[PDB]
Amino acid sequence: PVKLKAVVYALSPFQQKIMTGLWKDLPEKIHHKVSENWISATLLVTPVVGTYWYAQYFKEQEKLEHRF
Amino acid sequence: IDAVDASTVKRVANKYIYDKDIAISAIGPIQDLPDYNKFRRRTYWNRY
């Protein structure tokens, strides 16, 4: 058992609004998600999309070069 | 006082205790003290 010192004040669940917080600070929520995550998102999307587009281009070039 | 019979006690308890909010003040080594939700749930009996 860890020895802890703290004071915790809590309000009853029936004295607070339950759902409005979903839509509060919404620009901050979007901004934090984008600014913290855009590198991770790039590192995930870029190789997949690039490989797919290159494969499509390869297939189109191969199809054209076999025609008459 | 004599007017307070068993049915009176139950009526008053249902007015003041049953499924009611509670206030808790605790100090010391109280990590094993149950949280507010557990105390709040124990204000009613679902077997009844």
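Proteins get letters first, then strands, A, B, ... in listed order; numbering begins at 1 in each.
- A heavy-atom distance below 4.5 Å is found between the side chains of A:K17 and A:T20.
- Qualifying side chain to side chain contact (heavy atoms under 4.5 Å, CB included) partners for B:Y18, counting only residues two or more places apart in sequence or in other chains: B:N14, B:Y44.
- A distance of 12.5 Å separates NE2 in A:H31 from NZ in A:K33, rounded to the nearest 0.5 Å.
- In the hydrophobic clustering, where aliphatic and aromatic side chains (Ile, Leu, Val, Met, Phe, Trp, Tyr) are joined below 4.5 Å either directly or transitively, B:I1 stands alone.
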| Chi angles and distances behind the side-chain contact (heavy atoms from CB on, under 4.5 Å) call for B:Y36, B:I22 | CA-CA 8 Å; B:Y36 190 93; B:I22 73 270; 3.6 Å; yes
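- Here B:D19 pairs with B:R40 under the side chain to side chain donor-acceptor pair (under 3.5 Å) rule; sequence neighbours left out.
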Would you be so kind as to tabulate the donor-acceptor pairs closer than 3.5 Å made by side chains of residues 27-35 of chain B, with sequence neighbours excluded?
unit_1: B:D35; atom_1: OD1; unit_2: B:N37; atom_2: N; d: 3.2
unit_1: B:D35; atom_1: OD1; unit_2: B:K38; atom_2: N; d: 3.0

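- Ring geometry, B:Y48 versus B:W45: the interplanar angle falls under 30°, so the pair is classed parallel (tilted spans 30 to 60°).
- Between A:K63 and A:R67, the closest heavy-atom pair is O-CG, 3.1 Å.
- B:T8 and B:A3 get closest at one heavy-atom pair: OG1-O, 3.6 Å.
- Rounding to the nearest 0.5 Å places CG of A:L26 at 12.0 Å from NZ of A:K24.
- Applying the 4.5 Å side-chain rule to ILVMFWY residues, one finds A:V49, A:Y52, A:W53 in the same cluster as A:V45.
- For the atom pair A:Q56 CD and A:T51 OG1, the distance stands at 12.0 Å (nearest 0.5 Å).
- For the atom pair CZ of A:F58 and CD of A:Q61, the computed distance is 9.5 Å after rounding to the nearest 0.5 Å.
- We find the CG-OG1 distance between A:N37 and A:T42 to be 10.5 Å, quoted to the nearest 0.5 Å.
- Partners of A:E36 by side chain to side chain contact (heavy atoms under 4.5 Å, CB included), not counting sequence neighbours, listed by chain and number: A:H32.
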| field | Intermediate values then yes/no, side-chain contact (heavy atoms from CB on, under 4.5 Å), B:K20 and B:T43 | value | CA-CA 7 Å; B:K20 270 320 187 301; B:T43 59; 5.6 Å; no
